[PDB]
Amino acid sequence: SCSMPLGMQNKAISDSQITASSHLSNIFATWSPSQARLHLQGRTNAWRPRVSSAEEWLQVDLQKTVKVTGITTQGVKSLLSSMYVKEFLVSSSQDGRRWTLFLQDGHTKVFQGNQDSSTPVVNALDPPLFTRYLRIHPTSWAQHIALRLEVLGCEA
């Protein structure tokens, strides 16, 4: 049914394949892009950008052409702060240079994401993407932008 996890949770997608516009790092903590893995626990267990704006993104390089059929998102709780992305855009690319924004009915698609810090939310991509690179662009968030991710799809 072409909807299998492509490797964020299980590390089939390696740390070096995940990058971002920026990330939050100070002398105790780094919320690195490679922490953006679905269901990850332990310390600083999500990606957070250096500052929360609408110009940030999390990028995954799948390293080959994949049929991408969906994206799963999750927030994170840190101390008293419950953080999650409420809405986001998706862009994609074959070369990592030229990006195509995901549309619905000819217009920019706003994906409805999370409404808490721990529940995963699956979003279908219709039409599906045949692509190598994906970016998630947060456009609305609670408290701060934080992301744990899975990408769903299959070979061909």
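Residues carry their position along the shown sequence, with the first being 1.
### Query
With respect to the recorded C-alpha B factors, which stretch has the higher mean value, 5-13 or 21-29?
Stretch with the greater average CA B-factor: 21-29.
### Task
Could you settle it for me: does 100-108 or 127-135 have the higher average Cα B factor in the PDB entry?
Comparing averages over the C-alpha atoms only gives 100-108.
### Query
Between 60, 121, 54, 90, where does the Cα B-factor run highest in the record?
Of 60, 121, 54, 90, 54 has the highest C-alpha B-factor.
### Query
Highest Cα B-factor in the PDB entry belongs to which of 34, 41, 117, 94?
Max CA B-factor in the entry, restricted to 34, 41, 117, 94: 117.
### Query
Is the Cα B-factor recorded for residue 154 in the lowest, middle or highest third of its chain?
Its C-alpha B-factor belongs to the highest third of this chain's values.
### Task
Give the position of residue 72 by CA B-factor within its chain, expressed as the lowest, middle or highest third.
It belongs to the lowest third of the chain when residues are ordered by C-alpha B-factor.
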